[PDB]
């Protein structure tokens, strides 16, 4: 254990690049606790593999720097996230957001595109549903649409991640279609789930009207209100909230789709590290000050949820690290990783002060981005960037000839802090995380 893992001094001198100030043995032995966790905060950086963590650190903090949030969790390991082929039931080495999110929130592997159901299309309870049933307060925050697979997996059981609202569900998930006697679209099941705090984007799907049931004819936004949900649409009003519970659930819709990314930079190009000058990221001017940052949502959710005496389970997702990775946009991708680090600092500060909180930071799968040599002549999309070290770092995206770079199957880092954090060390599976949380809370 250690809180400062930055290089000690002059990285060109003996011992200057070291991150360790002493022996971790005792410190580590002290952070090993099997006492129950009262709360759990699971932070997910979408598509944030080791490569993404390194690129952002090199850029934002420098090679020898360290993320005060992301790099500060003492217990580390690597975990696998392979999905399953629906027909064969054999492994599918590269998972999507849905199958992986389902794995950690359910404890069962599934096929790509599935939310809350195994390869047989059978429903399985998510950790959020189990926490709510035990009396704990529940939160779900993300910078993406709330209907995205990661936040949706905790509250929805759909056969296809594309079944956002009533209209998509009728054509793509008919067995789930409300009219067909199913539980409903992702959005409808989210509304039913009734988590205490739900914050993110995806307001546009709420403008759809239910095709059947008690709120038929009424838009989903209207139904939320009729059901007792407090709706907030910006930083100001969010901030104004004083409580959120089963009588007064909070629902923040901060964008029609995904919330705007924090940084602006050009898209990587073929031979860009050669033909184009080094870029320096800038703030995204299209992003309004009224739009909450992930740390803000995380912080507000912790405040409201910490009022519950039994404890709480909260999931936070920095979604656009993945989206900008697909877009081959280094600046957008790094900004979203810096953004998530902030949300991680908020969680850590709370956890260190409370003492019964298990904080976990990981990703759903690996992605395309690679850090290559400045002079690299690659076949894909590349870009040179000016880092905090005053050096150029080149990033490469070369696994797709399409407009979207692809996920990768490499095992990746999973880090934790708090009671039961030891269960994250060594090699584990994404499904283990579910059992780790279920047992830390004693949610059996």
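Residue numbers count along the first chain shown, from 1.
*Which of the two stretches, 181-189 or 302-310, shows the higher mean Cα temperature factor in the record?*
Between 181-189 and 302-310, it is 302-310.
*Residue range whose averaged C-alpha B-factor is higher in the record, 16-24 or 426-434*: Mean C-alpha B-factor is greater for 16-24.
*When the CA B-factors of 364, 71, 354, 339 are compared as recorded in the entry, which is the largest?*
That would be 354.
*Identify, among 322, 145, 96, 123, the residue whose C-alpha carries the highest B-factor in the deposited PDB entry.*
123 has the highest C-alpha B-factor of those listed.
*Would the CA B-factor of residue 35 place it in the lowest, middle or highest third of its chain?*
Highest third - that is where residue 35 ends up once the chain's C-alpha B-factors are sorted.
*Which third of the chain does residue 266 land in by C-alpha B-factor: lowest, middle or highest?*
Middle third of the chain for residue 266's C-alpha B-factor.
*Going by what the PDB entry lists, where does residue 229 fall on CA B-factor within its chain: lowest, middle or highest third?*
As the PDB entry reports it, the C-alpha B-factor of residue 229 lands in the highest third of its chain.
*CA B-factor ranking of residue 92, expressed as a third of its chain*: CA B-factor rank for residue 92: middle third.
*Give the position of residue 114 by CA B-factor within its chain, expressed as the lowest, middle or highest third.*
As the PDB entry reports it, the C-alpha B-factor of residue 114 lands in the middle third of its chain.
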